[PDB]
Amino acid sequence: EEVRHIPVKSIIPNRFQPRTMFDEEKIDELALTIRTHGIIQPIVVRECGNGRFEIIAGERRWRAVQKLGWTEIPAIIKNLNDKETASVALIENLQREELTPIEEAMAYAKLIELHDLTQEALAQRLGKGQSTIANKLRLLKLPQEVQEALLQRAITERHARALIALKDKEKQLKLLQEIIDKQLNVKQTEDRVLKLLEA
């Protein structure tokens, strides 16, 4: 019903920790993205007790704003028993789907058009490397079938990166079918990619 502003310092992460490993590279991108357009989704908490709140969902948002130095955060309070909290806390983390590398690439291109930005401008805004931005956009040059493999998560982005060098659609497609069917890794893809350019 009501979005609430709650003290960042009075918040304790969920006892049944759903997340054990936390990438600071990513969490900083979040703190940066929150500096620009603020916290878009409030953090879900329950009252742990008197004036203290247990995070249901939104640890990264909490840690990013902590780094930002914000004194309070937007929350939604839901009355829940200790069992409900732990369950929900695990489901909101189990039911997360990350965007596919091709889509991450597509999005990067959208922001390049919309904010009329350089690959350096993008890296600075999204809190990642010029390298990572450039290399992911390069995947849009790949043949469409390879691009569809990327979304179907048939191939990794590193498998595809090597295929960019072949510079022949047919050769790339022939290898793609080998990679998925033979189930090649990144190493033996790169290996095979070089052998072809040599020959």
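Residues carry their position along the shown sequence, with the first being 1.
(message) Using only C-alpha atoms and the B-factors in the entry, which stretch averages higher, 47-55 or 166-174?
(response) If you average the C-alpha B-factors of 47-55 and of 166-174, the larger mean comes out for 47-55.
Worksheet item: Once you work out the mean C-alpha B-factor for both 147-155 and 25-33 from the entry, which is higher?
Response: Stretch with the higher mean C-alpha B-factor: 147-155.
Based on the PDB record, which member of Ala89, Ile73, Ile76, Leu111 exhibits the highest Cα temperature factor? In the PDB entry, the greatest C-alpha B-factor among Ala89, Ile73, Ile76, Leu111 is found at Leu111.
Sort the modelled residues of this chain by their C-alpha B factor and say whether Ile180 lands in the lowest, middle or highest third. Middle third, going by the recorded CA B-factors of the chain.
By its CA B factor, does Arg60 count among the lowest, middle or highest third of the modelled residues in the chain?
As the PDB entry reports it, the C-alpha B-factor of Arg60 lands in the middle third of its chain.
Next on the checklist: Using only modelled residues of the chain, where does the Cα B factor of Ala134 rank: lowest third, middle third or highest third?
Outcome noted: Within its chain, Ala134 is a highest-third residue by C-alpha B-factor, going by the deposited values.
**Study point:** Within-chain third of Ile39 by Cα B-factor, per the entry
**Key:** It falls in the middle third of the chain.
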